[PDB]
Structures are given as structure tokens and as C-alpha cells.
K.L.:
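The structure that follows is given in the form of C-alpha cells.
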Amino acid sequence: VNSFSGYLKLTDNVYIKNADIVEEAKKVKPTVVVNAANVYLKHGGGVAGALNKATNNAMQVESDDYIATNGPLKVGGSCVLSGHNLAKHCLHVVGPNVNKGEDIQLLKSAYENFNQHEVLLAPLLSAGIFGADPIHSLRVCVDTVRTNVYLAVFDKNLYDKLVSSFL
Ligand SMILES: CC(F)(F)c1cncc(C(=O)N[C@@H](Cc2cncc(Br)c2)C(=O)O)c1
């Protein structure tokens with residue numbers, strides 16, 4: 001039993017809710033919140049900018065130190081950093097950005113990072129400003145993630161479309 005509430009169950013292990021991931025993180029304090037990161041951990045907009053703003057820029061400060069030490073992530077890769085006031089940990093995961101021409105096949109590799117964590121609160125990778133089709137992202141999520149994932153979808157119209165078209 002966990003503290004996630006109001007989710008619709010899509011599969012044995014994938015759940016979905018129309019919610020603001022920032023507000024959901026603030027209420028649940030999950031062990032892991034996933035950030036829709038880029039390879040530079042520059043949290044300017046989309047989910048990343050919203051999460052970072054909610055940490056009063058502490059996420060960005062920590063991220064800049066991480067990059068200065070380790071260099072950029074790989075597209076499809078991830079790193080675990082602090083969750084600050086939102087979660088115990090933040091798993092920064094880099095999905096491919098279609099608006100940069102990155103290969104969409106890397107979306108499966110990106111979701112594989114979720115399997116290293118038993119339970120996660122997450123957005124749909126490569127959705128929103130990353131330019132992928134969220135319906136495709138949900139399909140890859142369901143077919144790749146085996147751990148328990150609670151997906152927060154900010155846009156109500158998109159949420160209803162994701163549920164209604166789900167196979
Ligand atoms: C063009 C379109 F029709 F596909 C479209 C339009 N608007 C929003 C999205 C979207 O992917 N939203 C997700 C992911 C998300 C993105 N950025 C910020 C947050 Br916070 C959450 C959501 O709401 O959870 C997609």
C-alpha cells in the first residue's frame with residue numbers, strides 16, 4: 001500500500017492521473033520524482049522548469065555542480081540527485097527531444113532507467129516541449145517499465161485522450 005490517490009490503473013504496474021507533478025510531489029513526498037531533463041540539466045521550462053522553480057532554484061544549483069564534475073548526460077540516460085522539498089530523490093531522465101532531431105528509439109532506453117526504482121512519480125518522457133507524441137510515450141512506458149509508476153499528466157484534455165485511446 002502506498003499514498004498515491006485518485007489514479008486510474010492502466011496495467012499491473014502503471015497508473016495515471018490528471019495532476020500537476022509539482023503539486024503531487026509536494027503532497028505525496030514520493031521516494032522518487034522523475035524530471036524530464038536535458039543532457040545539460042538546464043531546467044528552463046516544461047516539467048523541469050516547474051520542478052526547479054518549486055525548489056527555489058536549489059535543483060539547478062545542485063545540477064550545475066553535477067555537470068561541472070561529471071559532464072553532460074547521454075540522451076536516454078539519467079542521474080539520481082536530491083529531491084529537495086519535493087521527494088527524497090529526483091531521477092533526472094533524458095528522453096529524446098524531437099525538436100532537436102534526436103532518435104525516438106532512445107525513448108525506450110530512457111524509460112529503462114525507471115526499472116532501477118521500485119516506485120516512481122513521473123511525467124510522460126519526451127512529451128510536452130520535447131515534441132514526441134504522448135500516446136506513443138505512454139505505450140513505450142507500459143511496454144518498458146516493470147516497476148510501479150504513477151504518471152502525472154498536467155493537461156486534462158490530454159489525460160482524457162490518453163485514457164480513452166489506451167489499448
Ligand atoms: C502538443 C500536445 F498536444 F501534445 C501537448 C500540449 N500540452 C501539453 C502536452 C504534454 O505533454 N503535457 C504533459 C507533460 C508536461 C509538459 N510540460 C510541463 C508539464 Br508540468 C507537464 C502533462 O501535462 O503532464 C502536450
Side-chain angles (χ1 to χ4, degrees), residues 4-11 13-30 32-60 63 73 75-76 78 81-87 89-111 113-114 117 119-145 148-167:
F4 288 105
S5 179
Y7 286 75
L8 176 67
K9 181 172 182 57
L10 294 173
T11 68
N13 65 298
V14 179
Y15 295 80
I16 195 166
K17 184 187 184 175
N18 174 215
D20 186 336
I21 192 172
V22 170
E23 278 318 302
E24 185 81 7
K26 279 199 292 190
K27 145 181 135 43
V28 176
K29 284 302 226 83
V32 181
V33 66
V34 173
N35 182 32
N38 58 53
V39 295
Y40 306 110
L41 302 179
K42 287 173 60 107
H43 309 302
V47 169
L51 290 170
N52 176 59
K53 178 179 179 187
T55 74
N56 182 45
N57 211 50
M59 178 181 284
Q60 190 64 67
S63 292
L73 295 182
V75 179
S78 70
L81 291 172
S82 180
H84 300 278
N85 54 317
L86 303 179
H89 301 107
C90 180
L91 181 70
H92 294 272
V93 179
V94 178
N97 190 324
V98 176
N99 305 315
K100 303 172 175 179
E102 297 167 350
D103 165 26
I104 194 60
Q105 299 307 134
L106 288 171
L107 186 54
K108 188 171 183 76
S109 301
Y111 274 116
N113 295 286
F114 289 24
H117 304 277
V119 183
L120 315 87
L121 171 62
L124 284 170
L125 298 180
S126 296
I129 68 174
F130 281 63
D133 177 3
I135 297 179
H136 175 66
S137 182
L138 179 55
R139 187 75 255 166
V140 179
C141 180
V142 159
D143 293 342
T144 305
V145 181
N148 292 144
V149 56
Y150 288 83
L151 295 168
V153 176
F154 180 57
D155 187 63
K156 173 57 161 156
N157 188 295
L158 174 59
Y159 169 85
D160 289 346
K161 184 198 191 113
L162 287 164
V163 168
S164 287
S165 58
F166 184 69
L167 224 197

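The first residue in the sequence is number 1, and the count goes up from there. Heavy-atom basis, side chains included; hydrogens, waters and symmetry copies ignored. Order of listing sets the numbers, starting from 1, for every ligand and every atom in it.
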K.L.:
Given the protein's heavy atoms, is any one of them under 4.0 Å from atom 3 (F) of ligand 1?
P.N.:
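Protein heavy atoms within 4.0 Å of atom 3 (F) of ligand 1 - there are none.
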
K.L.:
Tell me whether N13 contacts the main-chain N or O of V145 through its side chain, where contact means a donor paired with an acceptor under 3.5 Å.
P.N.:
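Pair found, side chain donor or acceptor close to backbone of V145.
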
K.L.:
Are any of the heavy atoms in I21 under 4.0 Å away from ligand 1?
P.N.:
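Distance cut 4.0 Å: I21 fails for ligand 1.
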
K.L.:
With a heavy-atom distance limit of 4.0 Å, tell me whether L158 approaches ligand 1 through its side chain, its backbone, both, or neither.
P.N.:
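Within the 4.0 Å criterion, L158 contacts ligand 1 through side-chain atoms alone.
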
K.L.:
Got the closest protein heavy atom to atom 15 (C) of ligand 1, with its distance?
P.N.:
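Result: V47 CG2, 3.6 Å.
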
K.L.:
Check whether any side-chain N or O of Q60 sits under 3.5 Å from a backbone N or O of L41 as a donor-acceptor pair, and report yes or no.
P.N.:
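Yes: the side chain of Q60 pairs with the backbone of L41.
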
K.L.:
What are the two closest heavy atoms between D103 and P96, and how far apart are they?
P.N.:
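It is O-CB, 3.4 Å.
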
K.L.:
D155 heavy atoms, cut-off 4.0 Å: which ligand 1 atoms fall inside?
P.N.:
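It comes down to these atoms of ligand 1: 22 (C), 23 (O).
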
K.L.:
Can you check whether a protein heavy atom sits less than 4.0 angstrom from atom 18 (C) of ligand 1?
P.N.:
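So atom 18 (C) of ligand 1 has protein heavy-atom neighbours under 4.0 Å.
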
K.L.:
Do you see a protein non-hydrogen atom under 4.0 Å from atom 22 (C) of ligand 1?
P.N.:
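Under 4.0 Å from atom 22 (C) of ligand 1, at least one protein heavy atom found.
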
K.L.:
What part of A36, side chain from CB on, backbone N/CA/C/O, both or neither, has a heavy atom under 4.0 Å from ligand 1?
P.N.:
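Looking at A36 and ligand 1, no heavy atom falls under 4.0 Å.
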
K.L.:
Is the backbone of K26 close enough, under 3.5 Å, to the side chain of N85 for a donor and an acceptor to pair up by distance?
P.N.:
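Flag not set: sc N85 to bb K26 has no pair under 3.5 Å.
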
K.L.:
Nearest to atom 9 (C) of ligand 1 by heavy atom, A19, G128, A127: which?
P.N.:
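It is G128 whose heavy atom sits nearest to atom 9 (C) of ligand 1.
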
K.L.:
Donor-acceptor pair, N52 side chain versus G49 backbone, under 3.5 Å?
P.N.:
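Here the side-chain-to-backbone pair does not exist.
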
K.L.:
Which ligand 1 atoms, with their elements, are less than 4.0 angstrom from a heavy-atom of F154?
P.N.:
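Near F154, the atoms of ligand 1 are 21 (C), 22 (C), 23 (O), 24 (O).
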
K.L.:
Should you measure from each heavy atom of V153, which atoms of ligand 1 turn up under 4.0 Å away?
P.N.:
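Checking each atom against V153, I get 22 (C), 23 (O), 24 (O).
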
K.L.:
Using only atom types and a distance under 3.5 Å, with no angle test, would you say the side chain of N56 pairs donor to acceptor with the backbone of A58?
P.N.:
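No, the answer is negative, given that no donor and acceptor are paired below the 3.5 Å cut-off.
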
K.L.:
Which one of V34, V119, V32 satisfies the side-chain contact (heavy atoms from CB on, under 4.5 Å) criterion with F114?
P.N.:
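Testing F114 for a side-chain contact (heavy atoms from CB on, under 4.5 Å) against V34, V119, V32 leaves exactly one candidate, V34.
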
K.L.:
Is the closest heavy atom of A152 to ligand 1 under 4.0 Å?
P.N.:
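Right, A152 reaches ligand 1.
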
K.L.:
Parallel, tilted or perpendicular, judged at 30° and 60°: which one describes the rings of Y150 and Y7?
P.N.:
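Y150 and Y7: perpendicular rings.
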
K.L.:
Checking contacts now, so for atom 6 (C) of ligand 1, which I'm interested in, is there any protein heavy atom under 4.0 Å?
P.N.:
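Under the 4.0 Å cut-off, atom 6 (C) of ligand 1 has no protein heavy-atom neighbours at all.
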
K.L.:
Quick one: does any side-chain atom of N18 pair with a main-chain N or O of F154 as donor and acceptor, under 3.5 Å?
P.N.:
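Flag set: sc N18 to bb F154 pair under 3.5 Å.
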
